[PDB]
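Colleague: Quick one, my_file_8.pdb (PDB, N, CA and C atoms):
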```
ATOM      1  N   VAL J   1       0.845  -1.232   0.000
ATOM      2  CA  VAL J   1       0.000   0.000   0.000
ATOM      3  C   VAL J   1       0.862   1.256   0.000
ATOM      4  N   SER J   2       2.155   1.042  -0.217
ATOM      5  CA  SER J   2       3.173   2.081  -0.276
ATOM      6  C   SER J   2       2.813   3.232  -1.244
ATOM      7  N   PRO J   3       2.593   2.916  -2.541
ATOM      8  CA  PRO J   3       2.244   4.008  -3.455
ATOM      9  C   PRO J   3       1.091   4.913  -2.954
ATOM     10  N   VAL J   4       0.017   4.320  -2.426
ATOM     11  CA  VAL J   4      -1.119   5.121  -1.965
ATOM     12  C   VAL J   4      -0.813   6.152  -0.889
ATOM     13  N   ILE J   5       0.035   5.803   0.069
ATOM     14  CA  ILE J   5       0.390   6.720   1.130
ATOM     15  C   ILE J   5       1.391   7.753   0.638
ATOM     16  N   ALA J   6       2.327   7.316  -0.205
ATOM     17  CA  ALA J   6       3.360   8.197  -0.754
ATOM     18  C   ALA J   6       2.743   9.344  -1.552
ATOM     19  N   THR J   7       1.879   8.995  -2.494
ATOM     20  CA  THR J   7       1.225   9.997  -3.320
ATOM     21  C   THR J   7       0.523  11.070  -2.499
ATOM     22  N   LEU J   8      -0.146  10.684  -1.414
ATOM     23  CA  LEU J   8      -0.885  11.629  -0.566
ATOM     24  C   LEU J   8      -0.029  12.682   0.102
ATOM     25  N   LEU J   9       1.092  12.243   0.637
ATOM     26  CA  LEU J   9       1.973  13.185   1.263
ATOM     27  C   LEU J   9       2.588  14.149   0.259
ATOM     28  N   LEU J  10       2.823  13.684  -0.971
ATOM     29  CA  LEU J  10       3.420  14.522  -2.031
ATOM     30  C   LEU J  10       2.476  15.628  -2.510
ATOM     31  N   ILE J  11       1.175  15.312  -2.594
ATOM     32  CA  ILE J  11       0.114  16.248  -3.006
ATOM     33  C   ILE J  11       0.003  17.410  -2.028
ATOM     34  N   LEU J  12      -0.019  17.077  -0.746
ATOM     35  CA  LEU J  12      -0.118  18.087   0.290
ATOM     36  C   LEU J  12       1.054  19.069   0.253
ATOM     37  N   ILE J  13       2.271  18.546   0.057
ATOM     38  CA  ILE J  13       3.511  19.331   0.028
ATOM     39  C   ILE J  13       3.558  20.390  -1.063
ATOM     40  N   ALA J  14       3.188  19.978  -2.280
ATOM     41  CA  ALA J  14       3.160  20.880  -3.426
ATOM     42  C   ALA J  14       2.085  21.986  -3.272
ATOM     43  N   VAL J  15       0.940  21.666  -2.664
ATOM     44  CA  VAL J  15      -0.131  22.644  -2.429
ATOM     45  C   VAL J  15       0.320  23.743  -1.486
ATOM     46  N   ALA J  16       0.987  23.350  -0.396
ATOM     47  CA  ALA J  16       1.504  24.274   0.628
ATOM     48  C   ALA J  16       2.545  25.250   0.080
ATOM     49  N   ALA J  17       3.448  24.747  -0.759
ATOM     50  CA  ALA J  17       4.479  25.581  -1.355
ATOM     51  C   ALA J  17       3.894  26.586  -2.359
ATOM     52  N   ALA J  18       2.866  26.193  -3.108
ATOM     53  CA  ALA J  18       2.233  27.079  -4.090
ATOM     54  C   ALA J  18       1.561  28.271  -3.429
ATOM     55  N   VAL J  19       0.891  28.020  -2.313
ATOM     56  CA  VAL J  19       0.208  29.082  -1.586
ATOM     57  C   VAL J  19       1.235  30.033  -0.997
ATOM     58  N   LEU J  20       2.373  29.490  -0.574
ATOM     59  CA  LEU J  20       3.423  30.308  -0.015
ATOM     60  C   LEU J  20       4.025  31.193  -1.114
ATOM     61  N   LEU J  21       4.073  30.695  -2.350
ATOM     62  CA  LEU J  21       4.621  31.480  -3.465
ATOM     63  C   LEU J  21       3.782  32.711  -3.725
ATOM     64  N   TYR J  22       2.476  32.533  -3.614
ATOM     65  CA  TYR J  22       1.524  33.606  -3.835
ATOM     66  C   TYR J  22       1.723  34.767  -2.867
ATOM     67  N   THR J  23       1.825  34.456  -1.581
ATOM     68  CA  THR J  23       1.997  35.483  -0.563
ATOM     69  C   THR J  23       3.279  36.249  -0.806
ATOM     70  N   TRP J  24       4.333  35.532  -1.128
ATOM     71  CA  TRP J  24       5.614  36.150  -1.369
ATOM     72  C   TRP J  24       5.611  37.041  -2.624
ATOM     73  N   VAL J  25       4.961  36.579  -3.688
ATOM     74  CA  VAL J  25       4.910  37.332  -4.939
ATOM     75  C   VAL J  25       4.146  38.619  -4.756
ATOM     76  N   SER J  26       2.944  38.520  -4.196
ATOM     77  CA  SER J  26       2.109  39.698  -3.993
ATOM     78  C   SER J  26       2.720  40.678  -2.998
ATOM     79  N   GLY J  27       3.398  40.164  -1.989
ATOM     80  CA  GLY J  27       4.036  41.056  -1.056
ATOM     81  C   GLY J  27       5.162  41.758  -1.824
ATOM     82  N   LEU J  28       5.876  41.045  -2.707
ATOM     83  CA  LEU J  28       6.985  41.640  -3.478
ATOM     84  C   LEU J  28       6.519  42.824  -4.322
ATOM     85  N   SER J  29       5.321  42.695  -4.865
ATOM     86  CA  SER J  29       4.752  43.758  -5.666
ATOM     87  C   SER J  29       4.265  44.892  -4.748
ATOM     88  N   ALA J  30       3.994  46.063  -5.332
ATOM     89  CA  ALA J  30       3.510  47.231  -4.604
ATOM     90  C   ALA J  30       4.521  47.618  -3.533
ATOM     91  N   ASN J  31       5.760  47.200  -3.777
ATOM     92  CA  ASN J  31       6.852  47.495  -2.877
ATOM     93  C   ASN J  31       7.908  48.299  -3.647
ATOM     94  N   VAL J  32       7.467  49.274  -4.436
ATOM     95  CA  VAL J  32       8.391  50.139  -5.160
ATOM     96  C   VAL J  32       8.005  51.592  -4.880
ATOM     97  N   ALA J  33       8.983  52.340  -4.356
ATOM     98  CA  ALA J  33       8.852  53.745  -3.957
ATOM     99  C   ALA J  33       8.746  54.724  -5.108
ATOM    100  N   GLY J  34       9.824  54.849  -5.884
ATOM    101  CA  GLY J  34       9.820  55.776  -7.006
ATOM    102  C   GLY J  34      10.303  57.199  -6.707
ATOM    103  N   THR J  35       9.717  58.181  -7.406
ATOM    104  CA  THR J  35      10.105  59.588  -7.252
ATOM    105  C   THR J  35       9.017  60.606  -7.595
ATOM    106  N   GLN J  36       9.356  61.848  -7.312
ATOM    107  CA  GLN J  36       8.485  62.952  -7.606
ATOM    108  C   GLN J  36       9.241  63.682  -8.690
ATOM    109  N   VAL J  37       8.506  64.493  -9.442
ATOM    110  CA  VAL J  37       9.093  65.294 -10.499
ATOM    111  C   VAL J  37       9.014  66.732 -10.019
ATOM    112  N   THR J  38      10.203  67.313  -9.843
ATOM    113  CA  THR J  38      10.356  68.678  -9.377
ATOM    114  C   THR J  38       9.627  69.558 -10.360
ATOM    115  N   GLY J  39       9.030  70.605  -9.816
ATOM    116  CA  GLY J  39       8.276  71.514 -10.632
ATOM    117  C   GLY J  39       9.180  72.232 -11.569
ATOM    118  N   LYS J  40       8.533  73.044 -12.394
ATOM    119  CA  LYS J  40       9.207  73.835 -13.386
ATOM    120  C   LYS J  40      10.035  74.785 -12.638
ATOM    121  N   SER J  41      11.117  75.195 -13.279
ATOM    122  CA  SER J  41      12.027  76.117 -12.656
ATOM    123  C   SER J  41      11.316  77.331 -12.125
ATOM    124  N   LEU J  42      11.850  77.747 -11.000
ATOM    125  CA  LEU J  42      11.392  78.876 -10.236
ATOM    126  C   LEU J  42      11.745  80.140 -11.001
ATOM    127  N   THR J  43      10.777  81.041 -11.156
ATOM    128  CA  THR J  43      11.071  82.297 -11.838
ATOM    129  C   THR J  43      11.939  83.160 -10.926
ATOM    130  N   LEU J  44      12.852  83.892 -11.535
ATOM    131  CA  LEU J  44      13.785  84.713 -10.810
ATOM    132  C   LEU J  44      13.179  86.096 -10.593
ATOM    133  N   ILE J  45      12.860  86.412  -9.340
ATOM    134  CA  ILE J  45      12.296  87.717  -9.022
ATOM    135  C   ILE J  45      13.395  88.765  -8.973
ATOM    136  N   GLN J  46      14.585  88.396  -8.495
ATOM    137  CA  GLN J  46      15.719  89.319  -8.421
ATOM    138  C   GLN J  46      17.009  88.585  -8.106
ATOM    139  N   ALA J  47      18.132  89.208  -8.469
ATOM    140  CA  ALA J  47      19.467  88.683  -8.203
ATOM    141  C   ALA J  47      20.197  89.931  -7.826
ATOM    142  N   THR J  48      20.782  89.925  -6.643
ATOM    143  CA  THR J  48      21.532  91.089  -6.190
ATOM    144  C   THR J  48      22.588  90.773  -5.110
ATOM    145  N   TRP J  49      23.313  91.786  -4.650
ATOM    146  CA  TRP J  49      24.355  91.571  -3.666
ATOM    147  C   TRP J  49      24.698  92.819  -2.872
ATOM    148  N   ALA J  50      25.157  92.635  -1.627
ATOM    149  CA  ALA J  50      25.564  93.752  -0.759
ATOM    150  C   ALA J  50      26.825  93.415   0.059
ATOM    151  N   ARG J  51      27.407  94.432   0.690
ATOM    152  CA  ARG J  51      28.617  94.244   1.474
ATOM    153  C   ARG J  51      28.327  93.812   2.906
TER     154      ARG J  51
ATOM    155  N   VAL I   1       0.756  12.842  -8.721
ATOM    156  CA  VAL I   1      -0.185  13.801  -9.370
ATOM    157  C   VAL I   1       0.176  15.242  -9.026
ATOM    158  N   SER I   2       1.347  15.390  -8.419
ATOM    159  CA  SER I   2       1.915  16.665  -8.005
ATOM    160  C   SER I   2       1.941  17.717  -9.138
ATOM    161  N   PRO I   3       2.620  17.408 -10.265
ATOM    162  CA  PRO I   3       2.635  18.404 -11.340
ATOM    163  C   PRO I   3       1.238  18.946 -11.727
ATOM    164  N   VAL I   4       0.240  18.067 -11.854
ATOM    165  CA  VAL I   4      -1.096  18.514 -12.250
ATOM    166  C   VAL I   4      -1.750  19.543 -11.341
ATOM    167  N   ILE I   5      -1.586  19.394 -10.032
ATOM    168  CA  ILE I   5      -2.166  20.328  -9.090
ATOM    169  C   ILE I   5      -1.352  21.610  -9.032
ATOM    170  N   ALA I   6      -0.027  21.475  -9.106
ATOM    171  CA  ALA I   6       0.881  22.622  -9.056
ATOM    172  C   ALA I   6       0.609  23.596 -10.202
ATOM    173  N   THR I   7       0.591  23.068 -11.417
ATOM    174  CA  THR I   7       0.344  23.891 -12.588
ATOM    175  C   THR I   7      -0.942  24.703 -12.477
ATOM    176  N   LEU I   8      -2.008  24.106 -11.947
ATOM    177  CA  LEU I   8      -3.306  24.783 -11.819
ATOM    178  C   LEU I   8      -3.299  25.998 -10.917
ATOM    179  N   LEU I   9      -2.654  25.853  -9.777
ATOM    180  CA  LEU I   9      -2.577  26.969  -8.881
ATOM    181  C   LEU I   9      -1.737  28.103  -9.450
ATOM    182  N   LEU I  10      -0.713  27.770 -10.241
ATOM    183  CA  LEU I  10       0.178  28.782 -10.849
ATOM    184  C   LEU I  10      -0.526  29.613 -11.925
ATOM    185  N   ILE I  11      -1.399  28.966 -12.711
ATOM    186  CA  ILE I  11      -2.189  29.600 -13.780
ATOM    187  C   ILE I  11      -3.136  30.647 -13.208
ATOM    188  N   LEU I  12      -3.836  30.268 -12.150
ATOM    189  CA  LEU I  12      -4.770  31.170 -11.505
ATOM    190  C   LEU I  12      -4.085  32.431 -10.975
ATOM    191  N   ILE I  13      -2.910  32.259 -10.357
ATOM    192  CA  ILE I  13      -2.129  33.348  -9.756
ATOM    193  C   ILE I  13      -1.696  34.426 -10.738
ATOM    194  N   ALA I  14      -1.157  33.982 -11.877
ATOM    195  CA  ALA I  14      -0.711  34.891 -12.927
ATOM    196  C   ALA I  14      -1.891  35.662 -13.572
ATOM    197  N   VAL I  15      -3.055  35.023 -13.711
ATOM    198  CA  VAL I  15      -4.250  35.668 -14.273
ATOM    199  C   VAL I  15      -4.728  36.806 -13.393
ATOM    200  N   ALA I  16      -4.772  36.560 -12.080
ATOM    201  CA  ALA I  16      -5.206  37.545 -11.073
ATOM    202  C   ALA I  16      -4.315  38.785 -11.029
ATOM    203  N   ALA I  17      -3.003  38.578 -11.110
ATOM    204  CA  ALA I  17      -2.057  39.683 -11.094
ATOM    205  C   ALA I  17      -2.146  40.535 -12.369
ATOM    206  N   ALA I  18      -2.395  39.913 -13.520
ATOM    207  CA  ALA I  18      -2.507  40.639 -14.789
ATOM    208  C   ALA I  18      -3.702  41.579 -14.803
ATOM    209  N   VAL I  19      -4.820  41.112 -14.266
ATOM    210  CA  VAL I  19      -6.031  41.921 -14.218
ATOM    211  C   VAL I  19      -5.820  43.086 -13.266
ATOM    212  N   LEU I  20      -5.071  42.849 -12.194
ATOM    213  CA  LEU I  20      -4.794  43.894 -11.237
ATOM    214  C   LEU I  20      -3.889  44.952 -11.880
ATOM    215  N   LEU I  21      -2.996  44.538 -12.779
ATOM    216  CA  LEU I  21      -2.100  45.487 -13.453
ATOM    217  C   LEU I  21      -2.882  46.459 -14.308
ATOM    218  N   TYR I  22      -3.908  45.934 -14.959
ATOM    219  CA  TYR I  22      -4.762  46.722 -15.828
ATOM    220  C   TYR I  22      -5.463  47.852 -15.083
ATOM    221  N   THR I  23      -6.078  47.526 -13.952
ATOM    222  CA  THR I  23      -6.798  48.519 -13.166
ATOM    223  C   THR I  23      -5.854  49.608 -12.710
ATOM    224  N   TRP I  24      -4.681  49.212 -12.261
ATOM    225  CA  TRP I  24      -3.703  50.161 -11.786
ATOM    226  C   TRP I  24      -3.171  51.071 -12.908
ATOM    227  N   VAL I  25      -2.925  50.497 -14.081
ATOM    228  CA  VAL I  25      -2.399  51.261 -15.210
ATOM    229  C   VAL I  25      -3.400  52.287 -15.674
ATOM    230  N   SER I  26      -4.634  51.847 -15.914
ATOM    231  CA  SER I  26      -5.675  52.750 -16.386
ATOM    232  C   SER I  26      -6.033  53.815 -15.358
ATOM    233  N   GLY I  27      -5.991  53.458 -14.087
ATOM    234  CA  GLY I  27      -6.272  54.449 -13.080
ATOM    235  C   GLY I  27      -5.118  55.457 -13.127
ATOM    236  N   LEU I  28      -3.875  55.000 -13.329
ATOM    237  CA  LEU I  28      -2.708  55.900 -13.375
ATOM    238  C   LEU I  28      -2.846  56.952 -14.474
ATOM    239  N   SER I  29      -3.409  56.530 -15.592
ATOM    240  CA  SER I  29      -3.622  57.434 -16.703
ATOM    241  C   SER I  29      -4.813  58.358 -16.394
ATOM    242  N   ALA I  30      -4.953  59.437 -17.170
ATOM    243  CA  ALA I  30      -6.037  60.402 -17.016
ATOM    244  C   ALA I  30      -5.993  60.999 -15.617
ATOM    245  N   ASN I  31      -4.797  60.938 -15.036
ATOM    246  CA  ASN I  31      -4.567  61.477 -13.714
ATOM    247  C   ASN I  31      -3.489  62.566 -13.818
ATOM    248  N   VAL I  32      -3.592  63.419 -14.832
ATOM    249  CA  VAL I  32      -2.659  64.529 -14.984
ATOM    250  C   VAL I  32      -3.468  65.813 -15.169
ATOM    251  N   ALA I  33      -3.209  66.772 -14.272
ATOM    252  CA  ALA I  33      -3.883  68.073 -14.207
ATOM    253  C   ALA I  33      -3.512  69.036 -15.317
ATOM    254  N   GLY I  34      -2.254  69.477 -15.326
ATOM    255  CA  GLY I  34      -1.809  70.415 -16.347
ATOM    256  C   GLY I  34      -1.958  71.902 -16.007
ATOM    257  N   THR I  35      -2.225  72.720 -17.033
ATOM    258  CA  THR I  35      -2.356  74.171 -16.862
ATOM    259  C   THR I  35      -3.229  74.876 -17.901
ATOM    260  N   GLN I  36      -3.435  76.150 -17.634
ATOM    261  CA  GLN I  36      -4.190  76.991 -18.519
ATOM    262  C   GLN I  36      -3.139  77.942 -19.039
ATOM    263  N   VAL I  37      -3.448  78.558 -20.175
ATOM    264  CA  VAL I  37      -2.560  79.530 -20.782
ATOM    265  C   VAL I  37      -3.251  80.874 -20.626
ATOM    266  N   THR I  38      -2.582  81.743 -19.864
ATOM    267  CA  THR I  38      -3.069  83.078 -19.575
ATOM    268  C   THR I  38      -3.252  83.773 -20.901
ATOM    269  N   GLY I  39      -4.285  84.599 -20.945
ATOM    270  CA  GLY I  39      -4.594  85.305 -22.155
ATOM    271  C   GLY I  39      -3.512  86.278 -22.470
ATOM    272  N   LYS I  40      -3.713  86.921 -23.614
ATOM    273  CA  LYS I  40      -2.793  87.905 -24.117
ATOM    274  C   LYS I  40      -2.832  89.009 -23.153
ATOM    275  N   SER I  41      -1.717  89.721 -23.089
ATOM    276  CA  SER I  41      -1.611  90.825 -22.175
ATOM    277  C   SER I  41      -2.763  91.781 -22.319
ATOM    278  N   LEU I  42      -3.123  92.277 -21.157
ATOM    279  CA  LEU I  42      -4.199  93.210 -20.954
ATOM    280  C   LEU I  42      -3.775  94.553 -21.524
ATOM    281  N   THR I  43      -4.640  95.168 -22.328
ATOM    282  CA  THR I  43      -4.309  96.483 -22.863
ATOM    283  C   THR I  43      -4.392  97.509 -21.733
ATOM    284  N   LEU I  44      -3.505  98.484 -21.782
ATOM    285  CA  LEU I  44      -3.418  99.492 -20.761
ATOM    286  C   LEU I  44      -4.341 100.652 -21.116
ATOM    287  N   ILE I  45      -5.409 100.820 -20.337
ATOM    288  CA  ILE I  45      -6.343 101.912 -20.577
ATOM    289  C   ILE I  45      -5.778 103.212 -20.029
ATOM    290  N   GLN I  46      -5.064 103.155 -18.905
ATOM    291  CA  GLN I  46      -4.458 104.344 -18.301
ATOM    292  C   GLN I  46      -3.482 103.968 -17.203
ATOM    293  N   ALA I  47      -2.554 104.883 -16.917
ATOM    294  CA  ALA I  47      -1.563 104.724 -15.858
ATOM    295  C   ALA I  47      -1.525 106.105 -15.288
ATOM    296  N   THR I  48      -1.780 106.205 -13.998
ATOM    297  CA  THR I  48      -1.753 107.508 -13.344
ATOM    298  C   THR I  48      -1.512 107.441 -11.822
ATOM    299  N   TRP I  49      -1.472 108.590 -11.159
ATOM    300  CA  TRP I  49      -1.209 108.620  -9.733
ATOM    301  C   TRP I  49      -1.716 109.880  -9.055
ATOM    302  N   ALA I  50      -2.062 109.774  -7.766
ATOM    303  CA  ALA I  50      -2.534 110.921  -6.973
ATOM    304  C   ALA I  50      -1.975 110.900  -5.539
ATOM    305  N   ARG I  51      -2.146 112.007  -4.823
ATOM    306  CA  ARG I  51      -1.642 112.118  -3.464
ATOM    307  C   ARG I  51      -2.614 111.563  -2.430
TER     308      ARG I  51
END
```
Show me the file's structure as structure tokens.
Modeller:
Amino acid sequence: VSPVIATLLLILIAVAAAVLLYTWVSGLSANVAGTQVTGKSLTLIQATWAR
Amino acid sequence: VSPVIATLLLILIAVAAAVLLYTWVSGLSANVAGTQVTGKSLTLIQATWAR
């Protein structure tokens, strides 16, 4: 009755690993920060200097 | 029967993530404000001053 018991334990193992892959994949996603785009250059109201 | 069950769970996972990509992409689009273009300079009717 060896084959019958062997097959059962193998089925359970592969199911458990697949579900674990899902959690890891989805957690991996939506895990990217990125950047902001600086606005257009600031208009120059004045440039001057003093002592 | 391991391969048969494994493959099935993997197919479902990839389908779900693809549909989620679509919603996110389309929502990302049409999400840009922009600007208006100020009209032509205002004609000067008068310039004056008082005390």
Colleague: Run the ChimeraX specification (/J :<6.5) & /I mentally over the shown coordinates, then write out the matched residues as a ChimeraX atom specification, using the chain letters and numbers from the document.
Modeller: /I:1-2,6
Colleague: Is it possible to see chain I as a CSV table (one decimal) with N, CA and C atoms, keeping the file's coordinate frame, once it has been laid onto chain J by a least-squares fit on every C-alpha atom in order?
Modeller:
```
chain,number,residue,atom,x,y,z
I,1,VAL,N,0.8,-1.2,0.0
I,1,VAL,CA,0.0,0.0,0.0
I,1,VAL,C,0.9,1.3,0.0
I,2,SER,N,2.2,1.0,-0.2
I,2,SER,CA,3.2,2.1,-0.3
I,2,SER,C,2.8,3.2,-1.2
I,3,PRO,N,2.6,2.9,-2.5
I,3,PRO,CA,2.2,4.0,-3.5
I,3,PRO,C,1.1,4.9,-3.0
I,4,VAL,N,0.0,4.3,-2.4
I,4,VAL,CA,-1.1,5.1,-2.0
I,4,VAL,C,-0.8,6.2,-0.9
I,5,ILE,N,0.0,5.8,0.1
I,5,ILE,CA,0.4,6.7,1.1
I,5,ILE,C,1.4,7.8,0.6
I,6,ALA,N,2.3,7.3,-0.2
I,6,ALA,CA,3.4,8.2,-0.8
I,6,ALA,C,2.7,9.3,-1.6
I,7,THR,N,1.9,9.0,-2.5
I,7,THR,CA,1.2,10.0,-3.3
I,7,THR,C,0.5,11.1,-2.5
I,8,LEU,N,-0.1,10.7,-1.4
I,8,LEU,CA,-0.9,11.6,-0.6
I,8,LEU,C,0.0,12.7,0.1
I,9,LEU,N,1.1,12.2,0.6
I,9,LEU,CA,2.0,13.2,1.3
I,9,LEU,C,2.6,14.1,0.3
I,10,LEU,N,2.8,13.7,-1.0
I,10,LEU,CA,3.4,14.5,-2.0
I,10,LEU,C,2.5,15.6,-2.5
I,11,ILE,N,1.2,15.3,-2.6
I,11,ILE,CA,0.1,16.2,-3.0
I,11,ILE,C,0.0,17.4,-2.0
I,12,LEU,N,0.0,17.1,-0.7
I,12,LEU,CA,-0.1,18.1,0.3
I,12,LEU,C,1.1,19.1,0.3
I,13,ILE,N,2.3,18.5,0.1
I,13,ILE,CA,3.5,19.3,0.0
I,13,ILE,C,3.6,20.4,-1.1
I,14,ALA,N,3.2,20.0,-2.3
I,14,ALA,CA,3.2,20.9,-3.4
I,14,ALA,C,2.1,22.0,-3.3
I,15,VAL,N,0.9,21.7,-2.7
I,15,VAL,CA,-0.1,22.6,-2.4
I,15,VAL,C,0.3,23.7,-1.5
I,16,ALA,N,1.0,23.3,-0.4
I,16,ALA,CA,1.5,24.3,0.6
I,16,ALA,C,2.5,25.2,0.1
I,17,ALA,N,3.4,24.7,-0.8
I,17,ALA,CA,4.5,25.6,-1.4
I,17,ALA,C,3.9,26.6,-2.4
I,18,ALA,N,2.9,26.2,-3.1
I,18,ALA,CA,2.2,27.1,-4.1
I,18,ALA,C,1.6,28.3,-3.4
I,19,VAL,N,0.9,28.0,-2.3
I,19,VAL,CA,0.2,29.1,-1.6
I,19,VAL,C,1.2,30.0,-1.0
I,20,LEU,N,2.4,29.5,-0.6
I,20,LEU,CA,3.4,30.3,0.0
I,20,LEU,C,4.0,31.2,-1.1
I,21,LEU,N,4.1,30.7,-2.4
I,21,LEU,CA,4.6,31.5,-3.5
I,21,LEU,C,3.8,32.7,-3.7
I,22,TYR,N,2.5,32.5,-3.6
I,22,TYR,CA,1.5,33.6,-3.8
I,22,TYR,C,1.7,34.8,-2.9
I,23,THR,N,1.8,34.5,-1.6
I,23,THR,CA,2.0,35.5,-0.6
I,23,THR,C,3.3,36.2,-0.8
I,24,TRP,N,4.3,35.5,-1.1
I,24,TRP,CA,5.6,36.2,-1.4
I,24,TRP,C,5.6,37.0,-2.6
I,25,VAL,N,5.0,36.6,-3.7
I,25,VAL,CA,4.9,37.3,-4.9
I,25,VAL,C,4.1,38.6,-4.8
I,26,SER,N,2.9,38.5,-4.2
I,26,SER,CA,2.1,39.7,-4.0
I,26,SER,C,2.7,40.7,-3.0
I,27,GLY,N,3.4,40.2,-2.0
I,27,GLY,CA,4.0,41.1,-1.1
I,27,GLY,C,5.2,41.8,-1.8
I,28,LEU,N,5.9,41.0,-2.7
I,28,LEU,CA,7.0,41.6,-3.5
I,28,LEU,C,6.5,42.8,-4.3
I,29,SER,N,5.3,42.7,-4.9
I,29,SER,CA,4.8,43.8,-5.7
I,29,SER,C,4.3,44.9,-4.7
I,30,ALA,N,4.0,46.1,-5.3
I,30,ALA,CA,3.5,47.2,-4.6
I,30,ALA,C,4.5,47.6,-3.5
I,31,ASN,N,5.8,47.2,-3.8
I,31,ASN,CA,6.9,47.5,-2.9
I,31,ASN,C,7.9,48.3,-3.6
I,32,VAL,N,7.5,49.3,-4.4
I,32,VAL,CA,8.4,50.1,-5.2
I,32,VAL,C,8.0,51.6,-4.9
I,33,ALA,N,9.0,52.3,-4.4
I,33,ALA,CA,8.9,53.7,-4.0
I,33,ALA,C,8.7,54.7,-5.1
I,34,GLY,N,9.8,54.8,-5.9
I,34,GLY,CA,9.8,55.8,-7.0
I,34,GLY,C,10.3,57.2,-6.7
I,35,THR,N,9.7,58.2,-7.4
I,35,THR,CA,10.1,59.6,-7.3
I,35,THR,C,9.0,60.6,-7.6
I,36,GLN,N,9.4,61.8,-7.3
I,36,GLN,CA,8.5,63.0,-7.6
I,36,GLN,C,9.2,63.7,-8.7
I,37,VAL,N,8.5,64.5,-9.4
I,37,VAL,CA,9.1,65.3,-10.5
I,37,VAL,C,9.0,66.7,-10.0
I,38,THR,N,10.2,67.3,-9.8
I,38,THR,CA,10.4,68.7,-9.4
I,38,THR,C,9.6,69.6,-10.4
I,39,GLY,N,9.0,70.6,-9.8
I,39,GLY,CA,8.3,71.5,-10.6
I,39,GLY,C,9.2,72.2,-11.6
I,40,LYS,N,8.5,73.0,-12.4
I,40,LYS,CA,9.2,73.8,-13.4
I,40,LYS,C,10.0,74.8,-12.6
I,41,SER,N,11.1,75.2,-13.3
I,41,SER,CA,12.0,76.1,-12.7
I,41,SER,C,11.3,77.3,-12.1
I,42,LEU,N,11.9,77.7,-11.0
I,42,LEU,CA,11.4,78.9,-10.2
I,42,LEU,C,11.7,80.1,-11.0
I,43,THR,N,10.8,81.0,-11.2
I,43,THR,CA,11.1,82.3,-11.8
I,43,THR,C,11.9,83.2,-10.9
I,44,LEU,N,12.9,83.9,-11.5
I,44,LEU,CA,13.8,84.7,-10.8
I,44,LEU,C,13.2,86.1,-10.6
I,45,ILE,N,12.9,86.4,-9.3
I,45,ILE,CA,12.3,87.7,-9.0
I,45,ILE,C,13.4,88.8,-9.0
I,46,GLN,N,14.6,88.4,-8.5
I,46,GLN,CA,15.7,89.3,-8.4
I,46,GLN,C,17.0,88.6,-8.1
I,47,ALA,N,18.1,89.2,-8.5
I,47,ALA,CA,19.5,88.7,-8.2
I,47,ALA,C,20.2,89.9,-7.8
I,48,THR,N,20.8,89.9,-6.6
I,48,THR,CA,21.5,91.1,-6.2
I,48,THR,C,22.6,90.8,-5.1
I,49,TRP,N,23.3,91.8,-4.7
I,49,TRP,CA,24.4,91.6,-3.7
I,49,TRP,C,24.7,92.8,-2.9
I,50,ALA,N,25.2,92.6,-1.6
I,50,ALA,CA,25.6,93.8,-0.8
I,50,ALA,C,26.8,93.4,0.1
I,51,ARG,N,27.4,94.4,0.7
I,51,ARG,CA,28.6,94.2,1.5
I,51,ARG,C,28.3,93.8,2.9
```
Colleague: If you run DSSP on the backbone here, which positions in chain J get alpha helix (DSSP H)? Please write them as number ranges by chain.
Modeller: J: 2-28
Colleague: Please indicate the distance in Å from atom C of residue 23 of chain J to atom N of residue 24 of chain I, rounded to one decimal place.
Modeller: 19.0 Å
Colleague: What does the distance from atom C of residue 38 of chain I to atom N of residue 46 of chain J come to in Å, to one decimal?
Modeller: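 The value is 22.2 Å.
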Colleague: What's the separation between atom C of residue 32 of chain I and atom CA of residue 41 of chain J, in Å to one decimal place?
Modeller: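 Between atom C of residue 32 of chain I and atom CA of residue 41 of chain J the gap is 18.8 Å.
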Colleague: Using all atoms of segment 36-50 of chain I that appear in the file, construct an axis-aligned enclosing box with 8 Å of padding on every side and provide its centre coordinates and edge lengths in Å, rounded to one decimal, as lines of an AutoDock Vina configuration file.
Modeller:
```
center_x = -3.8
center_y = 93.5
center_z = -14.8
size_x = 21.1
size_y = 50.8
size_z = 34.6
```
Colleague: Output: segment 12-19 of chain J of the preceding structure, restricted to N, CA and C atoms, written as an mmCIF file, in the first residue's frame.
Modeller:
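For reference, selection-v2.cif as written:
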```cif
data_model
loop_
_atom_site.group_PDB
_atom_site.id
_atom_site.type_symbol
_atom_site.label_atom_id
_atom_site.label_comp_id
_atom_site.auth_asym_id
_atom_site.auth_seq_id
_atom_site.Cartn_x
_atom_site.Cartn_y
_atom_site.Cartn_z
ATOM 1 N N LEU J 12 -0.019 17.077 -0.746
ATOM 2 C CA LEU J 12 -0.118 18.087 0.290
ATOM 3 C C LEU J 12 1.054 19.069 0.253
ATOM 4 N N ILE J 13 2.271 18.546 0.057
ATOM 5 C CA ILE J 13 3.511 19.331 0.028
ATOM 6 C C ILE J 13 3.558 20.390 -1.063
ATOM 7 N N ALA J 14 3.188 19.978 -2.280
ATOM 8 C CA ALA J 14 3.160 20.880 -3.426
ATOM 9 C C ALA J 14 2.085 21.986 -3.272
ATOM 10 N N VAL J 15 0.940 21.666 -2.664
ATOM 11 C CA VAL J 15 -0.131 22.644 -2.429
ATOM 12 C C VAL J 15 0.320 23.743 -1.486
ATOM 13 N N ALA J 16 0.987 23.350 -0.396
ATOM 14 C CA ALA J 16 1.504 24.274 0.628
ATOM 15 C C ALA J 16 2.545 25.250 0.080
ATOM 16 N N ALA J 17 3.448 24.747 -0.759
ATOM 17 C CA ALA J 17 4.479 25.581 -1.355
ATOM 18 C C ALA J 17 3.894 26.586 -2.359
ATOM 19 N N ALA J 18 2.866 26.193 -3.108
ATOM 20 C CA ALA J 18 2.233 27.079 -4.090
ATOM 21 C C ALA J 18 1.561 28.271 -3.429
ATOM 22 N N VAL J 19 0.891 28.020 -2.313
ATOM 23 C CA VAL J 19 0.208 29.082 -1.586
ATOM 24 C C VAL J 19 1.235 30.033 -0.997
#
```
